[PDB]
Amino acid sequence: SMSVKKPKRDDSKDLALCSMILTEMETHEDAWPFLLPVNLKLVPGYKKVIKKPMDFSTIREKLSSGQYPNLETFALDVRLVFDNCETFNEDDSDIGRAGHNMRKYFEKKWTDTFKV
Ligand SMILES: CC(=O)c1cc(-c2ccccc2CO)c2cc(Oc3ccccc3)ccn12
C-alpha cells in the first residue's frame, strides 16, 4: 500500500528471456501453423469465430517494439495462439496436434525459465 513496498522479483532479464523462448517456439518443427497470421481471406469463418487472432510473427513484432508491459502480457499472447487453435481446429487434425504440442513446449520453457 502507500509507502509500503513489497518485495518484487528481478525483471531485468525478462525481455531477453521471453525473446529466447519465442526463438525456440519459432524454430520448432510444429510451429508451422503459427508463424504468420491465419490468412483471413483464405480460411472461411476465422475472422468471425476467432475474435483476437494471434501468431508468433505478431508476438515477435510486439516484443521488438515495447508493446509488452511485462512478461505476463507476453505469456497471455502466446497462450492466445494456442487457445485460438483449440477453438478452431479439431484435436485430431495436424494443426490441432501441433497446437497441443507447442503449448506443452511453451509451458515447460515458461516454468523452467521463470518459476525459480
Ligand atoms: C493456426 C490455425 O488455425 C491455422 C493455420 C493455418 C495455416 C497453416 C499453414 C499455412 C497457412 C494457413 C492459413 O493461413 C490454417 C488453415 C486452416 O484452414 C485451411 C486448411 C487447409 C487449406 C486451407 C485452409 C485452418 C486453420 N489454420
# chains A, B, ... in the order shown; residues from 1 in each chain; ligands from 1

call {"tool": "residues_around", "arguments": {"residues": "segment 70-85 of chain A", "least_positions_apart": "3", "cutoff": "7 Å", "atoms": "only C-alpha atoms", "output": "list in words"}}
result
residues 14, 50, 54, 55, 59, 88, 89, 96, 99 and 103 of chain A

call {"tool": "residues_near_ligand", "arguments": {"ligand": "ligand 1", "cutoff": "12 Å", "atoms": "only C-alpha atoms and all ligand atoms", "output": "count of residues only"}}
result
45

call {"tool": "closest_residue", "arguments": {"among": "A:60, A:104, A:52, A:8", "to": "residue 22 of chain A", "atoms": "only C-alpha atoms"}}
result
A:60

call {"tool": "closest_residue", "arguments": {"among": "A:9, A:109, A:62, A:48", "to": "residue 21 of chain A", "atoms": "only C-alpha atoms"}}
result
A:109

call {"tool": "select_by_dssp", "arguments": {"residues": "chain A", "states": "helix (DSSP H, G or I)", "output": "ChimeraX atom specification"}}
result
/A:14-26,29-34,46-49,56-64,71-88,94-114

call {"tool": "residues_around", "arguments": {"residues": "residue 15 of chain A", "least_positions_apart": "3", "cutoff": "9 Å", "atoms": "only C-alpha atoms", "output": "VMD selection string"}}
result
chain A and resid 11 to 12 18 to 20 63 70 to 71

call {"tool": "write_last_selection", "arguments": {"atoms": "C-alpha atoms", "output": "PDB file, in the first residue's frame"}}
result
ATOM      1  CA  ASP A  11      12.510  -8.463 -14.031  1.00  0.00           C
ATOM      2  CA  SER A  12      15.649  -7.076 -15.707  1.00  0.00           C
ATOM      3  CA  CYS A  18      10.987 -14.063 -23.484  1.00  0.00           C
ATOM      4  CA  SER A  19      12.858 -13.403 -26.769  1.00  0.00           C
ATOM      5  CA  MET A  20      14.832 -16.661 -26.324  1.00  0.00           C
ATOM      6  CA  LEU A  63       8.154  -7.860 -28.271  1.00  0.00           C
ATOM      7  CA  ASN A  70       5.552  -7.248 -18.559  1.00  0.00           C
ATOM      8  CA  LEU A  71       6.291 -10.913 -19.004  1.00  0.00           C
TER       9      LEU A  71
END

call {"tool": "decode", "arguments": {"residues": "segment 33-81 of chain A", "atoms": "N, CA and C atoms", "output": "JSON list (two decimals), in the first residue's frame"}}
result
[["chain", "number", "residue", "atom", "x", "y", "z"],
["A", 33, "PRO", "N", 1.99, -23.90, -38.23],
["A", 33, "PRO", "CA", 0.68, -23.24, -38.33],
["A", 33, "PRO", "C", 0.64, -21.81, -37.77],
["A", 34, "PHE", "N", 1.64, -21.44, -36.97],
["A", 34, "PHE", "CA", 1.59, -20.31, -36.07],
["A", 34, "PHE", "C", 2.56, -19.20, -36.45],
["A", 35, "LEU", "N", 3.29, -19.35, -37.53],
["A", 35, "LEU", "CA", 4.38, -18.44, -37.83],
["A", 35, "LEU", "C", 3.87, -17.06, -38.32],
["A", 36, "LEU", "N", 2.75, -17.06, -39.04],
["A", 36, "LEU", "CA", 2.12, -15.87, -39.60],
["A", 36, "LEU", "C", 0.66, -15.83, -39.18],
["A", 37, "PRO", "N", 0.01, -14.65, -39.30],
["A", 37, "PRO", "CA", -1.42, -14.58, -39.05],
["A", 37, "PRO", "C", -2.13, -15.61, -39.95],
["A", 38, "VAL", "N", -3.16, -16.21, -39.40],
["A", 38, "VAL", "CA", -4.08, -17.03, -40.21],
["A", 38, "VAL", "C", -4.66, -16.16, -41.32],
["A", 39, "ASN", "N", -4.61, -16.63, -42.56],
["A", 39, "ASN", "CA", -4.99, -15.83, -43.66],
["A", 39, "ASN", "C", -6.52, -15.74, -43.77],
["A", 40, "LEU", "N", -7.03, -14.55, -43.46],
["A", 40, "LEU", "CA", -8.46, -14.33, -43.19],
["A", 40, "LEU", "C", -9.28, -14.34, -44.43],
["A", 41, "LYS", "N", -8.61, -14.25, -45.59],
["A", 41, "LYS", "CA", -9.31, -14.31, -46.88],
["A", 41, "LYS", "C", -9.32, -15.74, -47.43],
["A", 42, "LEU", "N", -8.50, -16.59, -46.83],
["A", 42, "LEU", "CA", -8.30, -17.97, -47.23],
["A", 42, "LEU", "C", -8.94, -19.04, -46.30],
["A", 43, "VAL", "N", -9.29, -18.64, -45.07],
["A", 43, "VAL", "CA", -9.82, -19.58, -44.09],
["A", 43, "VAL", "C", -11.23, -19.07, -43.72],
["A", 44, "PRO", "N", -12.26, -19.64, -44.36],
["A", 44, "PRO", "CA", -13.66, -19.27, -44.10],
["A", 44, "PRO", "C", -13.94, -19.36, -42.60],
["A", 45, "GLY", "N", -14.64, -18.38, -42.09],
["A", 45, "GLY", "CA", -15.10, -18.43, -40.71],
["A", 45, "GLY", "C", -14.13, -17.85, -39.70],
["A", 46, "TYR", "N", -12.83, -17.80, -40.02],
["A", 46, "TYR", "CA", -11.84, -17.49, -38.99],
["A", 46, "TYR", "C", -12.06, -16.14, -38.36],
["A", 47, "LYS", "N", -12.26, -15.16, -39.21],
["A", 47, "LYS", "CA", -12.43, -13.81, -38.75],
["A", 47, "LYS", "C", -13.65, -13.67, -37.82],
["A", 48, "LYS", "N", -14.74, -14.39, -38.13],
["A", 48, "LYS", "CA", -15.95, -14.30, -37.32],
["A", 48, "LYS", "C", -15.77, -15.02, -35.98],
["A", 49, "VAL", "N", -15.24, -16.23, -36.04],
["A", 49, "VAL", "CA", -15.17, -17.09, -34.90],
["A", 49, "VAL", "C", -14.08, -16.67, -33.89],
["A", 50, "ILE", "N", -12.90, -16.27, -34.37],
["A", 50, "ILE", "CA", -11.72, -16.01, -33.51],
["A", 50, "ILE", "C", -11.62, -14.49, -33.34],
["A", 51, "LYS", "N", -12.02, -13.99, -32.18],
["A", 51, "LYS", "CA", -12.15, -12.55, -32.00],
["A", 51, "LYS", "C", -10.83, -11.81, -31.87],
["A", 52, "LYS", "N", -9.81, -12.50, -31.37],
["A", 52, "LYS", "CA", -8.47, -11.93, -31.16],
["A", 52, "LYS", "C", -7.42, -12.82, -31.76],
["A", 53, "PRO", "N", -7.27, -12.78, -33.10],
["A", 53, "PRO", "CA", -6.22, -13.56, -33.71],
["A", 53, "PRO", "C", -4.82, -13.24, -33.16],
["A", 54, "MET", "N", -3.97, -14.25, -33.08],
["A", 54, "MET", "CA", -2.59, -14.02, -32.68],
["A", 54, "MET", "C", -1.72, -15.08, -33.29],
["A", 55, "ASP", "N", -0.46, -14.72, -33.52],
["A", 55, "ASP", "CA", 0.52, -15.61, -34.09],
["A", 55, "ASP", "C", 1.91, -15.18, -33.68],
["A", 56, "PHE", "N", 2.88, -16.05, -33.93],
["A", 56, "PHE", "CA", 4.24, -15.81, -33.47],
["A", 56, "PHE", "C", 4.87, -14.55, -34.11],
["A", 57, "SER", "N", 4.64, -14.28, -35.40],
["A", 57, "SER", "CA", 5.23, -13.07, -36.02],
["A", 57, "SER", "C", 4.68, -11.80, -35.38],
["A", 58, "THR", "N", 3.40, -11.82, -34.97],
["A", 58, "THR", "CA", 2.79, -10.64, -34.30],
["A", 58, "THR", "C", 3.37, -10.46, -32.90],
["A", 59, "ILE", "N", 3.53, -11.57, -32.21],
["A", 59, "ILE", "CA", 4.18, -11.56, -30.89],
["A", 59, "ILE", "C", 5.63, -11.04, -31.00],
["A", 60, "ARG", "N", 6.38, -11.49, -32.01],
["A", 60, "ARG", "CA", 7.73, -11.04, -32.21],
["A", 60, "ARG", "C", 7.75, -9.54, -32.44],
["A", 61, "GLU", "N", 6.87, -9.05, -33.31],
["A", 61, "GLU", "CA", 6.80, -7.61, -33.58],
["A", 61, "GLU", "C", 6.49, -6.81, -32.31],
["A", 62, "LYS", "N", 5.53, -7.27, -31.53],
["A", 62, "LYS", "CA", 5.19, -6.66, -30.26],
["A", 62, "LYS", "C", 6.31, -6.66, -29.25],
["A", 63, "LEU", "N", 7.02, -7.77, -29.16],
["A", 63, "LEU", "CA", 8.15, -7.86, -28.27],
["A", 63, "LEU", "C", 9.29, -6.94, -28.69],
["A", 64, "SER", "N", 9.57, -6.83, -29.97],
["A", 64, "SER", "CA", 10.60, -5.95, -30.51],
["A", 64, "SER", "C", 10.30, -4.45, -30.41],
["A", 65, "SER", "N", 9.05, -4.08, -30.17],
["A", 65, "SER", "CA", 8.62, -2.68, -30.23],
["A", 65, "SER", "C", 8.06, -2.19, -28.90],
["A", 66, "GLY", "N", 8.33, -2.94, -27.82],
["A", 66, "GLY", "CA", 7.96, -2.47, -26.49],
["A", 66, "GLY", "C", 6.50, -2.47, -26.20],
["A", 67, "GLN", "N", 5.77, -3.36, -26.87],
["A", 67, "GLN", "CA", 4.34, -3.44, -26.67],
["A", 67, "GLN", "C", 3.89, -4.42, -25.61],
["A", 68, "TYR", "N", 4.83, -5.15, -24.97],
["A", 68, "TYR", "CA", 4.50, -5.94, -23.75],
["A", 68, "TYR", "C", 4.98, -5.20, -22.49],
["A", 69, "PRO", "N", 4.03, -4.81, -21.65],
["A", 69, "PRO", "CA", 4.45, -4.17, -20.44],
["A", 69, "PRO", "C", 5.26, -5.02, -19.50],
["A", 70, "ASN", "N", 4.94, -6.30, -19.48],
["A", 70, "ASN", "CA", 5.55, -7.25, -18.56],
["A", 70, "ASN", "C", 5.48, -8.66, -19.15],
["A", 71, "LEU", "N", 6.20, -9.57, -18.51],
["A", 71, "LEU", "CA", 6.29, -10.91, -19.00],
["A", 71, "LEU", "C", 4.92, -11.61, -19.03],
["A", 72, "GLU", "N", 4.00, -11.27, -18.13],
["A", 72, "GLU", "CA", 2.70, -11.92, -18.12],
["A", 72, "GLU", "C", 1.89, -11.58, -19.38],
["A", 73, "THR", "N", 1.98, -10.33, -19.85],
["A", 73, "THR", "CA", 1.27, -9.95, -21.07],
["A", 73, "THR", "C", 1.82, -10.73, -22.27],
["A", 74, "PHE", "N", 3.11, -11.02, -22.26],
["A", 74, "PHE", "CA", 3.70, -11.86, -23.32],
["A", 74, "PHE", "C", 3.12, -13.27, -23.25],
["A", 75, "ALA", "N", 3.08, -13.86, -22.05],
["A", 75, "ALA", "CA", 2.56, -15.22, -21.93],
["A", 75, "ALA", "C", 1.10, -15.28, -22.36],
["A", 76, "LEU", "N", 0.32, -14.23, -22.02],
["A", 76, "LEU", "CA", -1.10, -14.21, -22.42],
["A", 76, "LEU", "C", -1.22, -14.33, -23.95],
["A", 77, "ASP", "N", -0.39, -13.60, -24.67],
["A", 77, "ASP", "CA", -0.44, -13.65, -26.17],
["A", 77, "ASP", "C", 0.01, -14.99, -26.69],
["A", 78, "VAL", "N", 1.03, -15.59, -26.08],
["A", 78, "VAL", "CA", 1.42, -16.95, -26.50],
["A", 78, "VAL", "C", 0.28, -17.96, -26.28],
["A", 79, "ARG", "N", -0.34, -17.89, -25.11],
["A", 79, "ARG", "CA", -1.40, -18.81, -24.80],
["A", 79, "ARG", "C", -2.60, -18.56, -25.72],
["A", 80, "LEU", "N", -2.84, -17.31, -26.09],
["A", 80, "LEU", "CA", -3.94, -16.94, -27.01],
["A", 80, "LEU", "C", -3.76, -17.66, -28.35],
["A", 81, "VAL", "N", -2.53, -17.76, -28.83],
["A", 81, "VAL", "CA", -2.27, -18.53, -30.05],
["A", 81, "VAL", "C", -2.86, -19.95, -29.90]]
